[PDB]
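To begin, one chain is listed below as C-alpha cells, in the form deposited in one PDB entry.
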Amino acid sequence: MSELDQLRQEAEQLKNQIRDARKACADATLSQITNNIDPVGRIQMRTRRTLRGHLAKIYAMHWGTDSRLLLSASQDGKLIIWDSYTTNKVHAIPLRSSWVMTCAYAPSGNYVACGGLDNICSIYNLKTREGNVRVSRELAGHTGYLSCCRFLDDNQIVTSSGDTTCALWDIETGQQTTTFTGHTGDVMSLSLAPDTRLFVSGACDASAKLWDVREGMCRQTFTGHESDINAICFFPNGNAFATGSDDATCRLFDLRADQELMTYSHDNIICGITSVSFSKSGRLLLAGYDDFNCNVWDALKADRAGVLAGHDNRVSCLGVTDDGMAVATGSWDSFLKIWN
C-alpha cells in the first residue's frame, strides 16, 4: 500500500523553512519608518458625474487607458462603455448571462471583455462594431466561473477562474496558450504589472502567487491572511502589491522582501474586503467592503485618511484612472458615479 501523509509533511517543513527565512529579514514595519511623515489631510472626494442607464446592480467596471472611457457590467446582462466626461453612452452590449463577475478594457480601446458563472471569457471588438449581435471570441476551457480578466494587448488576455486556475489566451486562435496552476483554492482576482511581464493572483487558499507570463511558472507564493483573498492590486512601481481578504484586512506585500510590509485594519471594521485600488502616486489605497462601504487608507501611515462616498452603503465596486484624476464607483441601485 502507498502513503501520502509523509509527503504532506515535507510540504509543511519546507513552508516552515520559508517562514524563518522571512522572519529573518523582518526587522521592522513600515509604520515605524514613517513615524515622521506628515499624514495626508482628510481626503474628501465629491461626485462630479452620475451615470444612468443600467437597470440593475453593478457587478464590475474598468477604466479605459485614456482615463475617459469606462466599462460597467450589470446584473441586467448589459455591458456599457461610457464617456465619463459627458455621461453619454458610447456603446451598449447585451450579454447572455446576468451573472457577469468581471469585465475589462483592452489598453488599446479596440476590444472589451467579460465573464461570469458561464465559465467563459467573452471578447468584443469595438472597432468592427459588434454592439448588437457579434461576439468575436468565446474563450472556452475553464471548468469554473471566470472571476477576473485583464488584457496584455489585443491578442493576449489572462484569466483567473474558480477552477483553481489562471490562463494566458491567444485571442486570435482562441487557444489556452499557458496554464498557471498551483493555487489550492478558487482564484478570485488577478493584477498585471506595469511592464506586463509579471502578474499576481489571489485565491481562496489565502495565498498570493506571483506568476511569470513569458515563462508561465510561479515565482513566489505569499501568505499572511488566514482567510480568502478576494481582491489584489499591483503597486505603481511594480515592486509590491496590495490584497484584501475576508479577514477584514489589507496587506502590502513587497516582491523583493517576499513578505508583507504592513497591514491595514481597524477594530470597527468587521467586513471582508472585496475591492482594492491605489491612487496615482500610491500614497492612497482605496478598499471596498462587503457592506457596500469604502475606506481611503494612507499607504504610509496605516490610518484611515478618509471615507469614499460617505459610508452610504452604496458602493459595490470601484476603480481609479491611469492619470489618477478620478475614482468611479458602481452600485446596487444601478448607478455609477465619478469622484474628485
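Note that residue numbering begins at 1 and tracks the sequence as displayed. Think of the rigid core as the biggest set of C-alphas that the two forms share within 1.5 Å after superposition.
- Higher mean CA temperature factor between 284-292 and 28-36: 28-36, per the PDB entry.
- The deposited model assigns a higher average Cα B-factor to 310-318 than to the other stretch when 273-281 and 310-318 are compared.
- In the deposited coordinates, the residue among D228, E138, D76, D83 with the greatest CA B-factor is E138.
- Between the residues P236, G202, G244, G174, the entry's highest C-alpha temperature factor is the one at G174.
- When the modelled residues of the chain are ordered by their C-alpha B factor, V213 lands in the highest third.
- When the modelled residues of the chain are ordered by C-alpha B-factor, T329 sits in the lowest third.
- Looking at the C-alpha B-factors along this chain, the one for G131 belongs to the highest third.
- Annotation for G182: C-alpha temperature factor in the middle third relative to the rest of the modelled chain, per the entry.
- In this PDB entry, the Cα temperature factor of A56 sits in the top third of its chain's modelled residues, the highest group.
Below, we refer to the form deposited in another entry, which is not included among the displayed structures.
- No residue of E138, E130, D83, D154 other than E130 has its CA displaced by 2 Å or more between the shown form and the other one when the core is superposed.
- Compared with the form shown here, the C-alpha atoms of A56 and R129 sit at least 3 Å farther apart in that other deposited form.
- Relative to this conformation, an increase of 3 Å or more in the Cα-Cα distance between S72 and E130 is found in that other deposited form.
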